[PDB]
(Lines of atoms letter the chains of each structure in order from A and count residues from 1; the text may use other names and numbers.)
(Lines give C-alpha, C1' and ligand atoms only; values in the text may rest on other atoms or scores of the structure.)
Protein backbone atom coordinates (compact mmCIF):
# COMPACT_ATOMS: atom_id res chain seq x y z
CA UNK A 1 0.00 0.00 0.00
CA UNK A 2 1.54 3.33 -1.35
CA UNK A 3 5.19 4.19 -0.21
CA UNK A 4 5.81 5.62 3.28
CA UNK A 5 2.17 6.54 4.03
CA UNK A 6 1.02 7.78 7.49
CA UNK A 7 -1.11 4.61 7.76
CA UNK A 8 2.06 2.43 7.56
CA UNK A 9 3.77 4.84 10.01
CA UNK A 10 0.81 4.37 12.45
CA UNK A 11 1.18 0.55 12.19
CA UNK A 12 5.02 0.83 12.79
CA UNK A 13 4.28 2.90 15.92
CA UNK A 14 1.49 0.59 17.25
CA UNK A 15 3.71 -2.53 16.58
CA UNK A 16 6.65 -0.97 18.55
CA UNK A 17 4.29 0.05 21.39
CA UNK A 18 2.69 -3.43 21.50
CA UNK A 19 -0.87 -2.04 20.91
CA UNK A 20 -2.56 -5.34 19.86
CA UNK A 21 -6.07 -3.81 19.24
CA UNK A 22 -4.67 -0.84 17.32
CA UNK A 23 -2.53 -3.23 15.17
CA UNK A 24 -5.64 -5.33 14.23
CA UNK A 25 -7.69 -2.10 13.48
CA UNK A 26 -4.94 -0.62 11.23
CA UNK A 27 -4.49 -3.90 9.31
CA UNK A 28 -8.29 -4.18 8.71
CA UNK A 29 -8.08 -0.55 7.31
CA UNK A 30 -5.51 -1.75 4.75
CA UNK A 31 -2.16 -0.82 6.46
CA UNK A 32 0.83 -2.40 4.74
CA UNK A 33 2.42 -5.14 6.99
CA UNK A 34 5.72 -4.47 5.19
CA UNK A 35 5.76 -0.65 5.64
CA UNK A 36 9.27 0.76 6.14
CA UNK A 37 10.45 3.86 7.94
CA UNK A 38 13.53 6.01 7.16
CA UNK A 39 15.80 3.41 8.92
CA UNK A 40 14.39 0.57 6.81
CA UNK A 41 12.59 -0.84 9.91
CA UNK A 42 9.39 -2.82 9.33
CA UNK A 43 6.54 -3.43 11.92
CA UNK A 44 8.02 -6.96 12.43
CA UNK A 45 11.51 -5.44 13.26
CA UNK A 46 9.92 -3.07 15.84
CA UNK A 47 7.63 -5.71 17.46
CA UNK A 48 10.68 -8.15 17.71
CA UNK A 49 12.97 -5.41 19.21
CA UNK A 50 10.40 -4.28 21.85
CA UNK A 51 9.49 -7.92 22.67
CA UNK A 52 5.78 -8.06 21.66
CA UNK A 53 5.24 -11.77 20.90
CA UNK A 54 1.45 -11.51 20.13
CA UNK A 55 2.00 -8.71 17.52
CA UNK A 56 4.99 -10.64 15.97
CA UNK A 57 2.50 -13.57 15.44
CA UNK A 58 -0.33 -11.52 13.81
CA UNK A 59 2.20 -9.73 11.52
CA UNK A 60 3.53 -13.14 10.34
CA UNK A 61 -0.02 -14.56 9.95
CA UNK A 62 -0.78 -11.57 7.60
CA UNK A 63 2.30 -12.02 5.38
CA UNK A 64 5.00 -9.85 7.00
CA UNK A 65 8.45 -10.41 5.45
CA UNK A 66 10.35 -12.52 8.07
CA UNK A 67 13.66 -11.68 6.32
CA UNK A 68 13.31 -7.93 5.75
CA UNK A 69 16.66 -6.05 6.11
CA UNK A 70 16.92 -2.56 7.50
CA UNK A 71 19.56 0.08 6.45
CA UNK A 72 22.17 -1.58 8.80
CA UNK A 73 21.29 -5.01 7.34
CA UNK A 74 19.56 -6.10 10.59
CA UNK A 75 16.74 -8.58 10.24
CA UNK A 76 13.97 -9.09 12.89
CA UNK A 77 15.93 -12.24 14.06
CA UNK A 78 19.12 -10.10 14.65
CA UNK A 79 16.94 -7.76 16.80
CA UNK A 80 15.14 -10.50 18.79
CA UNK A 81 18.66 -12.03 19.57
CA UNK A 82 20.22 -8.58 20.39
CA UNK A 83 17.32 -7.57 22.73
CA UNK A 84 17.21 -11.02 24.44
CA UNK A 85 13.66 -12.13 23.37
CA UNK A 86 13.89 -15.95 23.33
CA UNK A 87 10.18 -16.78 22.46
CA UNK A 88 10.24 -14.29 19.55
CA UNK A 89 13.61 -15.87 18.38
CA UNK A 90 11.84 -19.33 18.37
CA UNK A 91 8.67 -18.02 16.55
CA UNK A 92 10.76 -16.25 13.84
CA UNK A 93 12.81 -19.45 13.09
CA UNK A 94 9.56 -21.50 12.82
CA UNK A 95 8.34 -19.01 10.12
CA UNK A 96 11.49 -19.37 7.98
CA UNK A 97 13.78 -16.67 9.41
CA UNK A 98 17.26 -16.95 7.91
CA UNK A 99 19.42 -18.16 10.86
CA UNK A 100 22.60 -16.91 9.04
CA UNK A 101 21.49 -13.44 7.82
CA UNK A 102 24.38 -10.94 7.81
CA UNK A 103 24.18 -7.32 8.82
CA UNK A 104 26.50 -4.56 7.40
CA UNK A 105 29.36 -5.73 9.74
CA UNK A 106 28.99 -9.38 8.64
CA UNK A 107 27.47 -10.29 12.03
CA UNK A 108 24.85 -13.01 12.16
CA UNK A 109 22.15 -13.33 14.95
CA UNK A 110 24.60 -15.85 16.62
CA UNK A 111 27.33 -13.13 16.87
CA UNK A 112 24.86 -10.63 18.47
CA UNK A 113 23.40 -13.16 20.99
CA UNK A 114 26.99 -14.28 21.96
CA UNK A 115 28.11 -10.60 22.44
CA UNK A 116 25.17 -10.01 24.82
CA UNK A 117 25.72 -13.31 26.69
CA UNK A 118 22.23 -14.72 25.77
CA UNK A 119 23.00 -18.43 26.36
CA UNK A 120 19.59 -20.03 25.60
CA UNK A 121 19.12 -17.87 22.42
CA UNK A 122 22.65 -19.07 21.30
CA UNK A 123 21.61 -22.73 21.97
CA UNK A 124 18.29 -22.30 19.95
CA UNK A 125 20.16 -20.64 17.02
CA UNK A 126 22.75 -23.50 16.95
CA UNK A 127 20.08 -26.19 16.78
CA UNK A 128 18.41 -24.28 13.88
CA UNK A 129 21.61 -24.45 11.79
CA UNK A 130 23.56 -21.34 12.92
CA UNK A 131 26.98 -21.29 11.22
CA UNK A 132 29.73 -21.55 13.89
CA UNK A 133 32.45 -20.62 11.28
CA UNK A 134 30.74 -17.41 10.07
CA UNK A 135 33.25 -14.58 10.43
CA UNK A 136 32.20 -10.95 10.69
CA UNK A 137 34.17 -8.03 9.11
CA UNK A 138 36.54 -7.95 12.13
CA UNK A 139 37.37 -11.64 11.41
CA UNK A 140 35.41 -12.91 14.45
CA UNK A 141 33.16 -15.93 14.90
CA UNK A 142 30.55 -16.13 17.74
CA UNK A 143 33.13 -18.47 19.52
CA UNK A 144 35.89 -15.75 19.18
CA UNK A 145 33.47 -13.22 20.82
CA UNK A 146 32.70 -15.60 23.77
CA UNK A 147 36.52 -16.19 24.33
CA UNK A 148 37.35 -12.43 24.07
CA UNK A 149 34.64 -11.75 26.71
CA UNK A 150 35.89 -14.61 28.91
CA UNK A 151 32.41 -16.29 28.89
CA UNK A 152 33.52 -19.92 29.20
CA UNK A 153 29.92 -21.10 29.80
CA UNK A 154 28.90 -19.65 26.41
CA UNK A 155 32.14 -20.84 24.72
CA UNK A 156 31.36 -24.43 25.90
CA UNK A 157 27.79 -24.22 24.39
CA UNK A 158 29.35 -22.87 21.11
CA UNK A 159 31.89 -25.80 20.87
CA UNK A 160 29.65 -28.67 21.99
CA UNK A 161 26.03 -27.85 21.01
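Positions refer to the first chain, counted from 1.
Asker: Out of 31-39 and 111-119, which one has CA B-factors that are higher on average in the deposited record?
Answerer: Averaged over C-alpha atoms, the B-factors run higher in 31-39.
Asker: Select lowest, middle or highest to describe the third in which the CA B-factor of residue 16 falls within its chain in this entry.
Answerer: For residue 16, the deposited C-alpha B-factor lands in the lowest third.
Asker: For residue 61, does the deposited CA B-factor place it in the lowest, middle or highest third of the chain?
Answerer: For residue 61, the deposited C-alpha B-factor lands in the highest third.
Asker: Could you look up the Cα B-factor of residue 154 in the entry and say which third of the chain it sits in: lowest, middle or highest?
Answerer: According to the entry, residue 154 has a C-alpha B-factor in the chain's lowest third.
Asker: With respect to C-alpha B-factor, does residue 52 fall in the lowest, middle or highest third of the chain as deposited?
Answerer: Within its chain, residue 52 is a lowest-third residue by C-alpha B-factor, going by the deposited values.
Asker: Where does residue 125 sit by CA temperature factor within its chain: lowest, middle or highest third?
Answerer: Residue 125: CA B-factor falls in the lowest third of its chain.
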